[PDB]
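Reconstructed Cβ throughout: ideal geometry from the backbone, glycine too, with neighbour counts over all protein chains shown. FYI, it's all coordinate maths here, none of it is from the lab.
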Number of protein chains: 2
Amino acid sequence: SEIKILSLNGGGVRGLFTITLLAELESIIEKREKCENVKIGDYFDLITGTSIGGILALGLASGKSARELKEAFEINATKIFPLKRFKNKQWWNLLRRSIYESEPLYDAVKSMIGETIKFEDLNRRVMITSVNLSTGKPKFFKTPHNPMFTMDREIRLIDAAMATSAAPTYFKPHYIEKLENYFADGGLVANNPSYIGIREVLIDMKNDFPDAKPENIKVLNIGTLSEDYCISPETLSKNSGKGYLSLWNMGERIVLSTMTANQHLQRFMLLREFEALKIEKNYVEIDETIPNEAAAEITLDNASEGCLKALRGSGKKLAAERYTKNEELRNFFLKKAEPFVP
Amino acid sequence: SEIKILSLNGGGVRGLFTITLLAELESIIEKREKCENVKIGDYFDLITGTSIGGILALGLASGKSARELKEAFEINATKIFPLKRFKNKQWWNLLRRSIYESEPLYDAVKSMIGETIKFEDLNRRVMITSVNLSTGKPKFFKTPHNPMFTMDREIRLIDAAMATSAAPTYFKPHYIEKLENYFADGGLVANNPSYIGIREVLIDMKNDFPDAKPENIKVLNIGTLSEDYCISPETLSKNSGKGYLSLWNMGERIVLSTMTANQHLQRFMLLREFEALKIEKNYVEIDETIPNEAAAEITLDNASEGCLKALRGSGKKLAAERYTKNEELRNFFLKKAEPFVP
């Protein structure tokens, strides 16, 4: 059999790029393939996600079309990342509190999915990647698709969604009152959750797929136009010594370089594995650098009209063009996936 | 065959435990097996490492016995992490410059391995993990044991050792003049290089081992008594949502939590793979815990006499017990690994 994973990296409004590309793909299937009420989340056996990619993954698994999620994201993007706090980062504010507030993000997630939906009422398998800053171990909020691992059953989807999106500096750690633990962003370990998703499909989801091999797994890793993040050599040369706050810019650069490094490492591991089995074709990634953007101005948070317009245009153009040429992006949506019964 | 990998985690001062355990193992080998001039690094076909573990791995790969490295570390644990800078962190100091200086660490690394030795002069394969903050991609300083990857041939060992130990907020990023790039700690990507070490052996070390499987790989992953790191529940309950400077202690806690989470995730993946292939015996770990210290009290840069004594005693005791009972540890030092020739 064929197993399809939908990996969604996390980048903030670059998540809006991700959801715009997904919605455009949905509309393309609706038009060309002659379908009605098509959801982009019904064609995948597992929907992995991290940070806002994880929020979108939970939205897709809960049974909502990518277009409704895109509308909610468009409505709530400026609320999640207000310019009032974006322009007043400085350092005398970052020392007393984190950037932004969890409440606008919480309300955005509540609008997207809801508040009373739990992992036990989901018809599709989903991962949420997070770091549990109370035991020191990462926490993977997955659906009860493995009988040996059936916790998170009584955990609301919004709790996991806020856990994965809590960037260490850009937000505050999310308190899950059920477990009496706090959680941080999943990008601290896996900003590209394709590799851990493949591992889960191979060794965890074995009741659903007893005969699972790497050669029969297809991953659709929708990037966030932030793969090639780096620190510009100018601020490095001017701050590699003591550092006039530009190196490790109140922890923002620590977090961003960490997430970029783990994403690169996991992508490297996945590509090397697929080349080892000569299944390099099985990995489909949609991510291209913006031609007008240098690889240093990539920000986790930018709700300005220009950045949102660039993300929207890139998503639409990339979706249309990749569906036109990339045969595998079309092949991903030939057949629907089978819902899982816990 | 039997491929043996010696992976050493990164803990800063807590590498004193690693080097003490290795030196004690050398001593027991000399006493029991009646050998003369034993180098603990002569029994492994690959010596990965990260941070101070990477420095120790470079020392062992350069041909030094673990006792010479232990003496050098005895002097340079105080000479590297001065009590003055460890007691003078506060908030207005770490705001301007990174704690400690790279020059004491550079002098220490020069004292152990040297300054004029490059990766092409080594007789044993070695990978050192680091994060390149100029391209944003992880950089694995490795010997030219694969003809396809050689660009580390003309790089001094001291440059790699200083790059892998440049813990963010703990040391300034290391500048390599040959590559015109800046590097950070390898614990951001892989604090436990055992998994990536096995990946390297399977996918890269194929010229020497064309027939490589997970079954014939044995990993001796020596920890640093810092696996069970976590944020104190009191600190979170006080200023997790509040986000005061205690939470994310000027990047110290961000980096430490990232190291702990990366180590946990990589160890979890390795253990899951070995359980899948029923080769759990292959992975040998001598990472115990200190039974007289809080989990949240694990620090990366505490070189006080009490902590050094605790690390030394733990290393000696663990070496004694694990040589007495663990037969795999004895199996490691049976036959010397053949040196590799480029």
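Some notes on this structure:
- The set of residues from segment A:2-35 being at positive phi and either in a helix (DSSP H, G or I) or in contact (Cβ under 8 Å) with a residue 12 or more places away in the chain (or both) comprises just one member, A:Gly12.
- Identity of the residue in segment B:310-342, more than 17 Å from B:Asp287 (Cα to Cα) and out of contact with any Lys or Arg (no Cβ under 8 Å at 6 or more places or on another chain), that ends up surrounded by the fewest Cβ atoms within 10 Å (Cβ to Cβ): B:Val341
- Residue match in segment A:250-258 (condition: under 22 Å from B:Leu179 (Cα atoms), surrounded by fewer than 18 Cβ atoms within 10 Å (Cβ to Cβ) and not aromatic (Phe, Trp, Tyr)): no
- Residue in segment A:36-59 that is more than 30 Å from A:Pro144 (Cβ to Cβ) and either in contact with a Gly (Cβ under 6 Å, 6 or more places away or on another chain) or in contact (Cβ under 8 Å) with a residue 40 or more places away in the chain (or both) present: no
- Selection from segment B:24-51 of residues that are closer than 26 Å to B:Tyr229 by Cβ and surrounded by 24 or more Cβ atoms within 10 Å (Cβ to Cβ): B:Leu25, B:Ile47, B:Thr48, B:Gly49, B:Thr50, B:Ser51
- Extreme residue, nearest to B:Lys89 (Cα to Cα), among residues of segment B:290-309 that are of a type in the set (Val, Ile, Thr) and within 17 Å of the chain's Cα centre (by Cα): B:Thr299
- Residues of segment B:248-263 classified as part of a loop (DSSP other than H, G, I, E, B) and more than 7 Å from chain A (Cβ to nearest Cβ), total: 2
- Residues that are more than 10 Å from chain A (Cβ to nearest Cβ), part of a loop (DSSP other than H, G, I, E, B) and touching a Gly at 6+ places or on another chain (Cβ under 9 Å), drawn from segment B:95-153: B:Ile113, B:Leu122, B:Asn123, B:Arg124
- Note on segment A:2-28: residues that are among the acidic types (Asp, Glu) and under 15 Å from A:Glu328 (Cβ atoms) total 1.
- A:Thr164, sole failed condition from (1) closer than 15 Å to A:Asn132 by Cα; (2) within 11 Å of chain B (Cβ to nearest Cβ): (2)
- With respect to the conditions (1) closer than 17 Å to A:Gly54 by Cβ; (2) in contact with a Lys or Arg (Cβ under 9 Å, 6 or more places away or on another chain), A:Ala167 falls short on a single one, namely (2).
- Any hit, segment B:170-180, residues being within 14 Å of chain A (Cβ to nearest Cβ), among the basic types (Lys, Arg) and out of contact with any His (no Cβ under 9 Å at 6 or more places or on another chain): yes
- Comparison of A:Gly223, A:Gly251, A:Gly315, A:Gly243 shows that the only residue that is in contact with a helix residue (DSSP H, G or I) (Cβ under 8 Å, 6 or more places away or on another chain) and within 30 Å of B:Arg97 (Cα to Cα) is A:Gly251.
- Of residues in segment A:273-320 being outside any loop (DSSP other than H, G, I, E, B) and within 14 Å of chain B (Cβ to nearest Cβ), the one farthest from A:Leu69 (Cα to Cα): A:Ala276
- So B:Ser98, is it in contact (Cβ under 8 Å) with a residue 24 or more places away in the chain and under 13 Å from the mean Cα position of the chain (by Cα): no
- Complete set of residues in segment A:321-342 that are assigned to a loop (DSSP other than H, G, I, E, B) and β-branched (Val, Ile, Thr): A:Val341
- Among the residues listed as A:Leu245, A:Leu236, A:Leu225, the single one being on the phi > 0 side of the Ramachandran plot and within 10 Å of another protein chain (Cβ to nearest Cβ): A:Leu245
- Options B:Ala276, B:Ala261; residue that is over 19 Å from A:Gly136 (Cα atoms) and of a type in the set (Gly, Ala, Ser): B:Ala276
- Residue list for segment B:88-110, restricted to those being in contact with a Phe, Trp or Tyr (Cβ under 6 Å, 6 or more places away or on another chain) and of a type outside the set (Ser, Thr, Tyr): B:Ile99
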